[PDB]
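Before any questions on binding or motion, here is one chain by itself as structure tokens, the form deposited in one PDB entry.
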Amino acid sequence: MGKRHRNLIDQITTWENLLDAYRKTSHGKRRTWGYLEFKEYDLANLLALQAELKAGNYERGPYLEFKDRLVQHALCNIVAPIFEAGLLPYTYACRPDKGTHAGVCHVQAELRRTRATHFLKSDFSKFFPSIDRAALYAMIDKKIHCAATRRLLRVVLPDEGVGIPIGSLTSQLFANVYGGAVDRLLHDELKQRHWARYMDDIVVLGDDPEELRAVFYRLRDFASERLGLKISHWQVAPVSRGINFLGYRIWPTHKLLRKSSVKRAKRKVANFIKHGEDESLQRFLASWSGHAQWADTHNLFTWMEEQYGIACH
């Protein structure tokens, strides 16, 4: 909005927000030690959080706590819409009114509207464990401009390391940003007008399967040197193999679910929980967090963190 966004810590710590954040943080997490210990004195908790954030004395506890997820939700209520507006239409991950489904539809559509002939489908590396958390904060910082939101973003996600912590509302929006770079190297540069990124995977329908392969090389070279994410699950398939984007392989004709893996994992986790084996689950989780770091499984990673409260790290 006129760029700038130079006073977000005022809106992040509005009660009206630290409550929205509260209600969003407690959504589903209302059977957790964190909500239940917070809820006790919870608009007094939110009054000492509001006034931690409004002071610049918010200090994230270790990996999240309820307040930490609430601070994240209170950031990502004011930060999110000022990044998620610079997220080209065709990024289908963790945004509002543009969910998973809308992408399995955009992709299909953009394979129909301009029927296309061929397509690329990449899938960045451990997007979150690979995010510079550094050239991320050169995008979380060409848009924040509020030097306190910026310092709250940098508590909520430190401006070092190489690893956006998987499953943080912050990450989500952030990786849909340190990913949007590649969306803005597809759609802006590269003039790829038909694509769809849901975090890591950037389907890129073409017509010269040789052009998509170019696009992909250009995308990988970019996202590896600017963004530090090493694409690997890439293909340049003709539109016929089906674009395994967002769990639905979406060829112009219908789009059938993929899963099996998700479902297997979902079940594996659920079983582990109701087996008292929540310590080998960390091993399994670490494993599946490797098989899925490549895939756009972030909203899925948030989803699984929301369902079982499982810090995979």
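C-alpha atoms forming the largest set that superposes within 1.5 Å between two forms make up the rigid core. In case it trips you up, residue 1 is the first one in the sequence shown, and so on. Only residues modelled in both forms are compared.
Here the subject shifts to the form deposited in another entry, a form of this protein not shown in this document.
In the other entry, the CA atoms of residue 124 and residue 283 sit farther apart than in the displayed form, by at least 3 angstroms. Compared with the form shown here, the Cα atoms of residue 281 and residue 173 move at least 3 Å farther apart in the other entry.
Core-superposed comparison between this form and the one not shown: one run of at least three consecutive shared residues with Cα shifts of 2 Å or more is located, at 256-313.
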